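One file, final22.cif, carrying mmCIF, C-alpha atoms:
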```cif
data_coords
#
loop_
_atom_site.label_atom_id
_atom_site.label_comp_id
_atom_site.auth_asym_id
_atom_site.auth_seq_id
_atom_site.Cartn_x
_atom_site.Cartn_y
_atom_site.Cartn_z
CA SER C 494 -88.33 86.42 -24.86
CA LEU C 495 -86.51 84.29 -22.27
CA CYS C 496 -85.09 82.11 -25.06
CA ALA C 497 -83.68 84.94 -27.18
CA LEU C 498 -81.43 86.01 -24.29
CA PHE C 499 -80.46 82.63 -22.79
CA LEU C 500 -80.69 79.88 -25.46
CA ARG C 501 -77.19 79.04 -26.67
CA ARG C 502 -76.63 76.95 -29.79
CA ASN C 503 -73.65 74.59 -29.46
CA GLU C 504 -74.30 71.74 -27.02
CA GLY C 505 -72.38 68.60 -27.95
CA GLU C 506 -72.90 66.90 -24.57
CA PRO C 507 -76.29 65.14 -24.58
CA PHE C 508 -75.08 62.38 -22.23
CA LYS C 509 -75.52 58.67 -22.94
CA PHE C 510 -79.07 57.83 -21.86
CA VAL C 511 -80.54 61.10 -23.17
CA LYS C 512 -79.04 60.67 -26.65
CA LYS C 513 -80.08 57.00 -26.59
CA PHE C 514 -83.69 57.80 -25.67
CA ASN C 515 -84.02 60.45 -28.39
CA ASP C 516 -82.96 58.04 -31.13
CA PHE C 517 -85.30 55.58 -29.41
CA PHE C 518 -88.03 58.18 -29.98
CA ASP C 519 -87.21 58.70 -33.68
CA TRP C 520 -88.05 55.05 -34.35
CA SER C 521 -91.64 55.49 -33.17
CA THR C 522 -91.89 58.70 -35.21
CA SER C 523 -91.37 56.79 -38.46
CA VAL C 524 -93.47 53.81 -37.35
CA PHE C 525 -96.29 56.24 -36.56
CA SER C 526 -95.81 57.92 -39.94
CA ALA C 527 -95.92 54.57 -41.73
CA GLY C 528 -98.76 53.50 -39.45
CA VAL C 529 -100.77 56.57 -40.41
CA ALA C 530 -99.97 55.99 -44.09
CA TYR C 531 -101.17 52.41 -43.57
CA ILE C 532 -104.48 53.61 -42.11
CA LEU C 533 -105.05 56.28 -44.77
CA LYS C 534 -105.16 53.70 -47.57
CA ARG C 535 -107.22 51.05 -45.73
CA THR C 536 -110.08 53.42 -44.99
CA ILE C 537 -113.32 51.54 -44.25
CA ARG C 538 -111.48 48.70 -42.50
CA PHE C 539 -110.46 51.19 -39.79
CA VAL C 540 -113.72 53.16 -39.66
CA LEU C 541 -115.42 50.08 -38.20
CA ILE C 542 -112.73 49.75 -35.52
CA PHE C 543 -113.87 53.22 -34.45
CA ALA U 839 -99.10 92.75 31.56
CA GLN U 840 -95.62 92.06 32.93
CA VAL U 841 -96.32 93.32 36.46
CA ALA U 842 -99.69 91.51 36.62
CA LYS U 843 -98.01 88.16 35.94
CA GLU U 844 -96.05 88.84 39.15
CA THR U 845 -98.51 90.19 41.75
CA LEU U 846 -101.55 87.98 41.02
CA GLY U 847 -102.77 84.53 42.01
CA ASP U 848 -103.25 81.09 40.50
CA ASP U 849 -106.85 81.81 39.44
CA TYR U 850 -106.93 85.45 38.31
CA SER U 851 -107.01 85.85 34.52
CA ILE U 852 -105.29 89.05 33.39
CA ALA U 853 -107.99 89.67 30.79
CA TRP U 854 -107.95 92.58 28.35
CA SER U 855 -110.63 94.95 27.06
CA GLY U 856 -111.06 98.49 25.76
CA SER U 857 -108.40 99.85 23.44
CA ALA U 858 -105.65 97.89 25.22
CA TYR U 859 -107.25 94.71 23.82
CA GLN U 860 -107.41 95.98 20.24
CA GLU U 861 -103.63 96.52 20.38
CA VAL U 862 -102.88 93.18 22.08
CA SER U 863 -105.04 91.15 19.66
CA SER U 864 -102.45 90.49 16.94
CA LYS U 865 -99.35 91.75 15.14
CA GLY U 866 -97.28 91.05 12.04
CA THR U 867 -98.84 93.06 9.21
CA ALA U 868 -97.37 96.58 9.25
CA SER U 869 -94.25 95.32 7.43
CA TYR U 870 -95.33 92.74 4.81
CA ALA U 871 -97.54 95.45 3.25
CA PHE U 872 -94.82 98.07 2.76
CA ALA U 873 -92.45 95.37 1.46
CA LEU U 874 -94.68 94.14 -1.36
CA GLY U 875 -95.47 97.79 -2.05
CA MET U 876 -91.80 98.43 -2.81
CA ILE U 877 -91.53 95.25 -4.90
CA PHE U 878 -94.53 96.33 -6.97
CA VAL U 879 -92.98 99.81 -7.24
CA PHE U 880 -89.64 98.42 -8.46
CA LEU U 881 -91.29 96.11 -11.00
CA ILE U 882 -93.65 98.82 -12.29
CA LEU U 883 -90.58 100.95 -13.05
CA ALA U 884 -88.35 98.11 -14.26
CA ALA U 885 -90.95 97.35 -16.92
CA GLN U 886 -90.97 101.03 -17.93
CA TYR U 887 -87.24 101.81 -18.02
CA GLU U 888 -86.48 98.40 -19.63
CA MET V 1 -96.96 91.53 -33.79
CA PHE V 2 -98.07 90.59 -30.27
CA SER V 3 -95.24 88.21 -29.38
CA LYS V 4 -92.53 90.38 -30.97
CA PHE V 5 -93.50 93.08 -28.46
CA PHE V 6 -92.26 91.01 -25.52
CA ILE V 7 -89.26 89.47 -27.30
CA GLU V 8 -87.77 92.93 -27.87
CA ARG V 9 -88.38 93.86 -24.20
CA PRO V 10 -87.40 90.91 -21.99
CA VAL V 11 -87.38 92.85 -18.71
CA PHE V 12 -90.97 93.91 -19.38
CA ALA V 13 -92.16 90.35 -20.03
CA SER V 14 -90.31 89.04 -16.97
CA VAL V 15 -91.86 91.76 -14.78
CA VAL V 16 -95.36 90.82 -15.94
CA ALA V 17 -94.52 87.24 -14.96
CA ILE V 18 -93.32 88.23 -11.49
CA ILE V 19 -96.33 90.54 -11.02
CA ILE V 20 -98.75 87.71 -11.81
CA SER V 21 -96.68 85.35 -9.65
CA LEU V 22 -96.35 87.76 -6.72
CA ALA V 23 -99.90 89.14 -6.77
CA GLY V 24 -101.08 85.55 -7.07
CA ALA V 25 -98.95 84.63 -4.06
CA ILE V 26 -100.71 87.53 -2.32
CA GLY V 27 -103.91 85.69 -3.18
CA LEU V 28 -102.40 82.47 -1.80
CA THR V 29 -101.88 84.21 1.55
CA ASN V 30 -105.44 85.56 1.88
CA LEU V 31 -107.44 82.46 0.95
CA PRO V 32 -109.70 80.33 3.18
CA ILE V 33 -108.53 76.77 3.81
CA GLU V 34 -111.36 74.23 3.80
CA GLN V 35 -111.47 70.59 2.72
CA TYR V 36 -114.45 70.84 0.37
CA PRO V 37 -116.15 73.85 -1.27
CA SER V 38 -118.81 74.04 1.47
CA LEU V 39 -120.38 70.79 0.27
CA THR V 40 -122.14 70.31 3.62
CA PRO V 41 -125.69 71.69 3.87
CA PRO V 42 -126.17 74.35 6.55
CA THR V 43 -128.42 73.36 9.45
CA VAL V 44 -130.76 75.06 11.92
CA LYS V 45 -131.61 73.60 15.35
CA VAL V 46 -134.99 74.26 16.98
CA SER V 47 -135.21 72.90 20.53
CA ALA V 48 -138.17 73.07 22.91
CA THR V 49 -139.05 71.28 26.14
CA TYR V 50 -142.32 70.02 27.61
#
```
Now, as a test, write the supplied structure out as C-alpha cells.
Amino acid sequence: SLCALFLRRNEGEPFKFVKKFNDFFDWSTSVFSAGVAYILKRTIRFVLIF
Amino acid sequence: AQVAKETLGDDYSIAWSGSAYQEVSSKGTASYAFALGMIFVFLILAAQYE
Amino acid sequence: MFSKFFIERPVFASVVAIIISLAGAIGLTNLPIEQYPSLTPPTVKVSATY
C-alpha cells in the first residue's frame, strides 16, 4: 500500500557505483544459472559432495 | 519542605510519612497517559474515516 | 483478497503500523531491564550461632 502511493517510475539517475554493482550482480546471476544447469546434468557426481 | 530546609540543623532529616509522602514519592505520569490516549483516538478514527 | 484490502486503504494500513509501533513502544517503556533472563538460581540463607 505504501508503494502504490509513493513509487514513481522514471528514475534515470542510478549513479556510477550503483549501476556498476548491479551489472556486476547480473554476471553472477548467469554463472549461477549455468552452474545449476551444470549440476543438474552431472547428478551422482554432486550427490557425493553432499 | 521549603521552610524546614531553613529552620533546621545539620543532622535533622526532614523525613516524610502519611499522605504527604504518597504525594512526594514521584511525579511524571499524569500527562504521558492522556497524550497516548489522544494519539490512539486520532489513529482509531483516521483508520475509519480513511 | 487480503492484501488488496490494505492497498485500497493506505491510511488504514499505516495506522495499523503506527498502532503496533506505538503500543509496542509503550511496552518498551514498561519492561524490566536485566542482563540475563534470571539465569541465577535463587538462594536462601540459614544462619545460627553456638
Worksheet item: What do you get, as number ranges by chain, if you spell out every residue that the PyMOL selection byres ((chain C) within 8 of (chain V)) selects here?
Response: C: 494-495, 497
Pull the closest atom pair for each residue of chain U that gets at most 8 Å from chain V, along with the distance in Å to one decimal, counting all atoms listed in the file, ordering rows by chain and then ascending residue number, as a tab-separated table.
```
residue	atom	partner	partner_atom	distance
U:878	CA	V:19	CA	7.3
U:881	CA	V:15	CA	5.8
U:882	CA	V:15	CA	7.7
U:884	CA	V:11	CA	7.0
U:885	CA	V:12	CA	4.2
U:886	CA	V:12	CA	7.3
U:888	CA	V:11	CA	5.7
```
Discussion item. Using Å and a single decimal, report how far atom CA of residue V:44 sits from atom CA of residue V:31.
Written reply: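 So the answer is 26.8 Å.
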Given the file shown, enumerate the residues that the PyMOL selection byres ((chain U and resi 852) around 10) captures and present them as a PDB file with C-alpha atoms, in the frame of the given file.
```pdb
ATOM      1  CA  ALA U 839     -99.100  92.750  31.560  1.00  0.00           C
ATOM      2  CA  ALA U 842     -99.690  91.510  36.620  1.00  0.00           C
ATOM      3  CA  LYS U 843     -98.010  88.160  35.940  1.00  0.00           C
ATOM      4  CA  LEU U 846    -101.550  87.980  41.020  1.00  0.00           C
ATOM      5  CA  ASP U 849    -106.850  81.810  39.440  1.00  0.00           C
ATOM      6  CA  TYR U 850    -106.930  85.450  38.310  1.00  0.00           C
ATOM      7  CA  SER U 851    -107.010  85.850  34.520  1.00  0.00           C
ATOM      8  CA  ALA U 853    -107.990  89.670  30.790  1.00  0.00           C
ATOM      9  CA  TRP U 854    -107.950  92.580  28.350  1.00  0.00           C
TER      10      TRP U 854
END
```
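Of note, atom CA of residue V:2 and atom CA of residue C:501 are spaced 24.1 Å apart.
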Practice prompt. Could you please determine the separation between atom CA of residue V:29 and atom CA of residue U:864 in Å, to one decimal place?
Written response: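 These atoms are spaced 16.6 Å apart.
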